[PDB]
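So the structure is just underneath, and the comments pick up after that.
What follows draws every value from the coordinates through simple rules; no lab data is involved. Using ideal geometry, Cβ is built from the backbone for each residue, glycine included, and neighbour counts are taken over all protein chains shown.
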Amino acid sequence: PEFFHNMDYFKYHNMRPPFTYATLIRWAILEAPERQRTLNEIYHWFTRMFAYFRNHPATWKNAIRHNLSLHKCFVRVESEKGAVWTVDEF
DNA sequence: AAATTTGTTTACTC
DNA sequence: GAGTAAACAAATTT
């Protein structure tokens, strides 16, 4: 099922986070010191920070792409080393 | 080329 | 409204 209680950031049990994909990406973007991540680093952040997303990569990687291009608060920026994703706080 | 991750789109269960 | 599902074009790497 989903989270049993009010536990904070324990990623060590394969339990679904109680948060939307839109918000999880937004936190992932703002964790980086430069406030942007590539799509691949977003994938690394998700697997690293949650045990649940370590089992069925295809199902949720599709969601991650779907949310990025559907919300106007996610912006793609070309960089020197490749495309990155930022967040509009407004 | 051709392979394949990387991005936009409309519509189904729940 | 979100979580999936698929379908398809665009970047980006073989």
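What helices (runs of 4 or more DSSP H), lying completely within the range A:9-90, carry at least 2 residues that are without any contact (Cβ under 8 Å) to a residue 40 or more places away in the chain, near DNA strand C (Cβ under 10 Å from one of its atoms) and not hydrophobic (A, V, I, L, M, F, W, C)?
Per the criteria, A:57-70.
Limited to the range A:11-41, what total is found for residues that are within 16 Å of DNA strand B (Cβ to nearest atom) and among the aromatic types (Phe, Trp, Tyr)?
Counting residues in the range A:11-41 that are within 16 Å of DNA strand B (Cβ to nearest atom) and among the aromatic types (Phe, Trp, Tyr) gives 1.
Within the range A:60-72, take every residue that is out of contact with any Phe, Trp or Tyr (no Cβ under 8 Å at 6 or more places or on another chain) and more than 9 Å from DNA strand B (Cβ to nearest atom) and give me the one that is farthest from A:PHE46 (Cα to Cα).
Per the criteria, the residue is A:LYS72.
Here are the criteria: (1) touching a helix residue (DSSP H, G or I) at 6+ places or on another chain (Cβ under 6 Å); (2) under 28 Å from A:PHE4 (Cβ atoms). Tell me which single one A:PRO17 does not satisfy.
That leaves (1) as the condition not met.
Output the residues belonging to the range A:64-90 that are of a type outside the set (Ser, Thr, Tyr) and either touching an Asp or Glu at 6+ places or on another chain (Cβ under 8 Å) or surrounded by 14 or more Cβ atoms within 10 Å (Cβ to Cβ) (or both).
Scanning the range A:64-90 gives A:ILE64, A:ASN67, A:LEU68, A:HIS71, A:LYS72, A:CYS73, A:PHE74, A:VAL75, A:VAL84, A:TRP85, A:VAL87.
Going by the conditions given, is A:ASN6 in contact (Cβ under 8 Å) with a residue 12 or more places away in the chain and either touching an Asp or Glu at 6+ places or on another chain (Cβ under 9 Å) or not acidic (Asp, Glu) (or both)?
In short, no.
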